[PDB]
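Note sheet for the following structure.
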Amino acid sequence: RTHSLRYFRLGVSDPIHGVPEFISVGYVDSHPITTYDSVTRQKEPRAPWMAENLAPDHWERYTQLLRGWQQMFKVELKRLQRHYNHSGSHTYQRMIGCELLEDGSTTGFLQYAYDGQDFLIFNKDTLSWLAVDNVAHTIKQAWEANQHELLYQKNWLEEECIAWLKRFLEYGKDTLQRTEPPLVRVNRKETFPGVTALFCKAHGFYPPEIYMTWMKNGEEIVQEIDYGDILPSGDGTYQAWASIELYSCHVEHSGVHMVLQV
Amino acid sequence: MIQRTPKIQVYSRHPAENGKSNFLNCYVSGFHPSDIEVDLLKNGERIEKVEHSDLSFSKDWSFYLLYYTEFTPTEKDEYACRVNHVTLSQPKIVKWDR
Ligand SMILES: *[C@@H](C)/C=N/c1c(NC[C@H](O)[C@H](O)[C@H](O)CO)[nH]c(=O)[nH]c1=O
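Structure (structure tokens):
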């Protein structure tokens, strides 16, 4: 069972809308677990299984930390805007986190982005920054000069982050380690004149890892399969589509192979 | 400068069957920057009672939101969603397929 812990930061230059200049959100596998904004200036627990169970000192302290980070992130953004010489609204994004696999392999990541494009990518194995432009190189030398920070980041991504992830995983086992079976239903729809399209849908399942395929006479799968997306249903489960132009629907979820005939 | 056009997806939570408890969802994803305008519509008139999940982030520096509202399906009525982004010159309206 693969799991992922990630933290996102967003800084907007001149919001020109009453929306937060800085927003910070934490995720444990596409689940909101923590949130912060420059307007509220207080860290709030999104998930219920960590709202009362986790100690209050955590939010108390990390709020002050976030307040500190906000200003730094602003300075970094404005400095880059001074390097490119732009006026207006520009976005500065940061991602940091780890990944725990089935076997137990650890994989960490740290990235910085400007205007929705990769700006600086951190590699912990060689302790180096990957720059895309000369401006990125300019911030690259200044960041690489300070080796203490690099080493800290490495040990954080490799040990500390995994620890946090394990802790969070144990707090909400009934939610994150829960298994809900999908309701599979087959629907016939005529879009073009004469062309009859067969749809297969799955509603209400967790985790989102699901496999779908259309079979002819239950022996051969077809290459004309149009796949959709694993969409959130709203209640906390997911939903997915599989369509083909015209015999059997095959959905595999949590080791269960489901077959439907038309 | 690099920006992305939003992908609008309108669908129901539970399987479509008229005269029952259901939820209409509009998934707006893969867009950049963050500033958007989203409104759900019922035969043209906007729905006020609509809740939305706060801004969410993705690995490819794109964002995604979910706008949902409770509804009862009926064959007479048709539902849609109006989305306006900076990339969009005219507010894109996507209808529910049923
Ligand atoms: C509270 C748990 C919010 N944390 C948070 C973090 N946390 C990771 C880490 O402590 C931090 O990045 C340090 O600077 C070390 O890398 N990161 C983030 O970007 N936003 C948050 O709200």
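Protein chains in written order, with my numbering: chain B, 1 to 262; chain Z, 263 to 360.
Even for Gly, the Cβ is constructed at its ideal location relative to N, Cα and C.
Neighbouring residues, chain B, relative to residue i (Cβ below 8 Å)
i, result
"Z:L327", "Per Cβ cutoff of 8 Å: no residues; Z:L327 is ~10 Å from chain B at best."
Proximal residues of chain Z, C-beta to C-beta of residue i below 7 Å
i, result
"B:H253", "The contacting residues do not exist; B:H253 stays about 17 Å from chain Z at best."
"B:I23", "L317"
"B:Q93", "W323"
"B:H17", "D297"
Check: residue i C-beta below 7 Å from any heavy atom of ligand 1
i, result
"B:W156", "yes"
"B:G26", "yes"
"B:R67", "no"
"Z:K321", "no"
"Z:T267", "no"
"B:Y36", "yes"
"B:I162", "no"
"B:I96", "yes"
"B:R9", "yes"
"B:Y62", "yes"
Below-8 Å beta-carbon distance, residue i vs any chain Z residue
i, result
"B:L231", "yes"
"B:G234", "yes"
"B:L77", "no"
"B:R185", "yes"
"B:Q42", "no"
Bridge-paired residues (DSSP) for residue i
i, result
"B:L231", "B:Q239"
"B:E44", "B:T35"
"B:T213", "B:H250"
"B:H257", "B:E252"
"Z:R266", "Z:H294"
"Z:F333", "Z:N284"
"Z:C343", "Z:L302 and Z:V356"
"B:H3", "B:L100"
"B:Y27", "B:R6 and B:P32"
"Z:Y273", "Z:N287"
"B:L66", "Partner(s): none; B:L66 has no beta bridge."
"B:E245", "B:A197"
"B:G11", "B:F22 and B:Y92"
Contact list for residue i against chain Z, beta-carbon separation under 9 Å
i, result
"B:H203", "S274, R275, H276 and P277"
"B:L10", "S296, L317, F319 and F325"
Interface flag, residue i vs chain B, CB-CB below 8 Å
i, result
"Z:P295", "yes"
"Z:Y289", "yes"
"Z:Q352", "no"
"Z:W323", "yes"
"Z:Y341", "no"
"Z:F333", "no"
Neighbouring residues, chain B, relative to residue i (Cβ below 7 Å)
i, result
"Z:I264", "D115, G116 and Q117"
Ligand 3 heavy atom lying under 7 Å from the CB of residue i
i, result
"B:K43", "With respect to ligand 3, the structure offers nothing, as its ligand set consists of ligand 1."
Chain A within 8 Å of residue i, Cβ atoms only
i, result
"B:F122", "The question asks about chain A, but that chain is absent: this structure's protein chains are B and Z."
- Message: Going residue by residue through the stretch 74 to 149 of chain B, where are the continuous alpha helix (DSSP H) segments of at least 4 residues, counting only ones entirely within it?
- Response: As far as the stretch 74 to 149 of chain B is concerned, its whole alpha helix (DSSP H) runs of at least 4 residues are 134 to 145.
- Query: Can you list, in chain order, the stretches of the beta strand (DSSP E) that have 3 or more residues and sit fully within the stretch 298 to 331 of chain Z?
  - Reply: Within the stretch 298 to 331 of chain Z, the complete beta strand (DSSP E) runs of at least 3 residues are 299 to 304 and 313 to 319.
- Item | Uninterrupted beta strand (DSSP E) stretches inside the stretch 151 to 230 of chain B (no shorter than 3 residues) | Qualifying beta strand (DSSP E) stretches, in chain order: 183 to 189, 197 to 205 and 211 to 216.
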